[PDB]
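Heads up: the structure comes next, in structure tokens.
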Amino acid sequence: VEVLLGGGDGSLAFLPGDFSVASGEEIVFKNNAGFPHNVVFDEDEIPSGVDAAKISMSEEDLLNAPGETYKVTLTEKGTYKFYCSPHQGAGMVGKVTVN
Amino acid sequence: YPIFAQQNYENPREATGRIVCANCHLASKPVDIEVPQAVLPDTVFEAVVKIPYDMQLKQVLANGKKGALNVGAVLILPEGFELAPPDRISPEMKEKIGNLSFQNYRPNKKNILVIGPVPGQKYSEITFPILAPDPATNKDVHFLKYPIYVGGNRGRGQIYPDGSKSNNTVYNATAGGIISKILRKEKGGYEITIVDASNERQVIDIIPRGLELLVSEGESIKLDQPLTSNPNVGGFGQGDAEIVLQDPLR
Ligand code: HEC
Ligand SMILES: [Cu+2]
């Protein structure tokens, strides 16, 4: 479940970009290079209701430093879909397959 | 981002003299560059680039929320000039450069430097430490006047590497006609129904969150008509300077 945004030189892509977890696990998004890599869950592929701002990031909390990480504690069972805000049309996106 | 141009443009200077960031960073905003009038061989000098902007400016972050601006830059120096090594960097200029990482555009282009995205309120002015070459040490460098080009950006771009627009641009109607319905989205965004009565066709224009439309139901819209305001508060600028590589004699 450890996702490290950015490769080791300039690879903007979630690594991994698709993992499976359960209710009680913790997701992590450590950004290395190509910041900022703040991710935000959208309300288009969410299973239960809940607000997107509850599992997404805000405008003041951005991952621009090489070391900050965004952890999201999910408990609902379903497949979510988060993506790099500063790179949604780029191609680096991941999804939480909690069940 | 500076990595978008590096990954898809071999050299960031176009034939018309346009810097490649102007392909996705379509707003024009002023850029400034201060460099010494002349420098000696094997000496460190500073290239100061200014990417000025109104500080109370809030842009549309890629999630609909409003936020601060980020700055980036591309410095194109002549062949021979390169980033000054850390041992030649004085401590009075070490605190000046903050803690930025200047990267080379490509590993073989040591004369093209890129930096960004860096925080706007912190690095509106960037100092690049350059090392001037030595002619008696490189037979292609000579004492003469050389051009220096800079590209400066502040703000999110409007076009992605695949040609997709981002939510930091205007949304235009894909067809003329009358708006039959405007579906306000639950988590933000809109679905606009256009009745092209001219071609007897119905089209659905989707608008992202962070944007406010200037259109009402029952309104006649033309093709390409702007559907929402332009939320872009940033811009790209280009600058030029000339440096004199001076002979230590006369
Ligand atoms: C199209 C392929 C682009 C090229 C070439 C360059 N940039 Fe870019 N940049 C582009 C987009 C669509 C975005 C927004 C990404 C997002 O979703 O947020 C950006 C963003 C930047 C930023 C950060 C802006 C901010 O957070 O406020 C900077 C500083 C930036 N870009 C600089 C920059 C420079 C100097 C470039 C030329 C080397 C450059 N970009 C090229 C799209 C594109
Ligand atoms: Cu990113």
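List the pairs whose first member sits in region B:62-73 and is facing another protein chain (nearest Cβ under 7 Å), whose second member is buried (at least 21 other Cβ atoms within 10 Å of the Cβ), and whose Cβ atoms are under 6 Å apart, counting only residues at least 6 apart or on separate chains?
B:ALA62/A:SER85; B:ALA62/A:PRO86; B:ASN63/A:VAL40; B:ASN63/A:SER85; B:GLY67/B:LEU61
Output the number of residues of region B:148-160 satisfying the condition of being closer than 11 Å to B:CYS24 by Cα and over 14 Å from the mean Cα position of the chain (by Cα).
0
Filtering region A:80-99 down to residues that are more than 12 Å from ligand 2 (Cβ to nearest atom) and of a type in the set (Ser, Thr, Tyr), which residue is nearest to A:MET57 (Cα to Cα)?
A:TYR80
Residues being closer than 17 Å to A:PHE82 by Cβ and either out of contact with any strand residue (DSSP E or B) (no Cβ under 6 Å at 6 or more places or on another chain) or among the charged types (D, E, K, R) (or both): count how many of those fall in region A:7-21. I'd like the intermediate steps shown before the answer.
Taking region A:7-21 and keeping what is closer than 17 Å to A:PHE82 by Cβ, we get A:12-21.
Okay, now just the ones that are also either out of contact with any strand residue (DSSP E or B) (no Cβ under 6 Å at 6 or more places or on another chain) or among the charged types (D, E, K, R) (or both), so A:12-13, A:16, A:18-19.
Looking only at that region, the number is 5.
Could we say that B:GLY210 is touching a residue at least 60 places away in the same chain (Cβ under 8 Å) and either touching a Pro at 6+ places or on another chain (Cβ under 7 Å) or of a type in the set (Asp, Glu) (or both) here?
yes
Considering only residues that are outside any strand (DSSP E or B), within 14 Å of chain A (Cβ to nearest Cβ) and of a type in the set (S, T, N, Q), look in region B:125-168 and name the one that is nearest to B:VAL49 (Cα to Cα). Let's see the steps before the verdict.
So in region B:125-168, the residues outside any strand (DSSP E or B) come out as B:132-144, B:155-158, B:160-164, B:166-168.
Narrowing further to those that are within 14 Å of chain A (Cβ to nearest Cβ): B:155-158, B:160-164, B:166-168.
If we keep only those that are of a type in the set (S, T, N, Q) as well, we get B:158, B:164, B:166-168.
Details: B:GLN158: 23, B:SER164: 30, B:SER166: 27, B:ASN167: 28, B:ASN168: 25 Å.
Here the residue is B:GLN158.
If we keep just the residues of region A:12-43 that are of a type in the set (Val, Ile, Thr) and touching a residue at least 60 places away in the same chain (Cβ under 8 Å), which is nearest to ligand 1 (Cβ to nearest atom)? Give the derivation first.
In the first step, residues of region A:12-43 are kept if they are of a type in the set (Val, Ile, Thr); the result is A:21, A:27-28, A:39-40.
After this cut, where a residue has to be touching a residue at least 60 places away in the same chain (Cβ under 8 Å) as well, the list is A:21, A:27.
Values: A:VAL21: 26, A:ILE27: 21 Å.
Of everything passing the filter in region A:12-43, A:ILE27 is nearest to ligand 1 (Cβ to nearest atom).
Can you find a residue that is outside any loop (DSSP other than H, G, I, E, B) and either outside the structural domain of B:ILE221 (by CATH) or surrounded by 21 or more Cβ atoms within 10 Å (Cβ to Cβ) (or both) anywhere in region B:178-189?
Our first condition is that a residue be outside any loop (DSSP other than H, G, I, E, B); within region B:178-189, this holds for B:178-184.
The next check asks that each one be either outside the structural domain of B:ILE221 (by CATH) or surrounded by 21 or more Cβ atoms within 10 Å (Cβ to Cβ) (or both); those that pass are none.
No, region B:178-189 contains no residue that is outside any loop (DSSP other than H, G, I, E, B) and either outside the structural domain of B:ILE221 (by CATH) or surrounded by 21 or more Cβ atoms within 10 Å (Cβ to Cβ) (or both).
Consider A:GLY8 carefully, then state whether it is surrounded by fewer than 13 Cβ atoms within 10 Å (Cβ to Cβ) and part of a loop (DSSP other than H, G, I, E, B).
On the way: surrounded by fewer than 13 Cβ atoms within 10 Å (Cβ to Cβ): yes; part of a loop (DSSP other than H, G, I, E, B): yes.
Yes.
Among B:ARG154, B:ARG106, which is buried (at least 17 other Cβ atoms within 10 Å of the Cβ), within 16 Å of ligand 1 (Cβ to nearest atom), under 30 Å from B:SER28 (Cα atoms) and of a type in the set (D, E, K, R)?
Details: B:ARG106 fails: buried (at least 17 other Cβ atoms within 10 Å of the Cβ).
One residue alone meets the criteria, B:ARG154.
Taking B:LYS122, is it outside any strand (DSSP E or B), over 20 Å from the mean Cα position of the chain (by Cα), more than 11 Å from ligand 1 (Cβ to nearest atom) and assigned by CATH to the domain that holds B:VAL35? First the steps, then the outcome.
On the way: outside any strand (DSSP E or B): yes; over 20 Å from the mean Cα position of the chain (by Cα): no; more than 11 Å from ligand 1 (Cβ to nearest atom): yes; assigned by CATH to the domain that holds B:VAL35: yes.
Considered against the rule, which asks whether it is outside any strand (DSSP E or B), over 20 Å from the mean Cα position of the chain (by Cα), more than 11 Å from ligand 1 (Cβ to nearest atom) and assigned by CATH to the domain that holds B:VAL35, B:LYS122 comes out as no.
Are there any pairs, at least 6 apart or on different chains, whose C-beta atoms fall under 6 Å, with the first in region B:169-192 and closer than 26 Å to A:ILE46 by Cα and the second of a type in the set (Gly, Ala, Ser), and if so, which?
Within 6 Å, the pairs are B:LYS187/A:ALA52; B:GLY188/B:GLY64.
Basis: the model, the stated rules and, where named, an outside source; nothing here is a laboratory result. In this analysis, Cβ positions are derived from the backbone assuming ideal geometry, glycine residues included, and neighbour counts consider all displayed protein chains.
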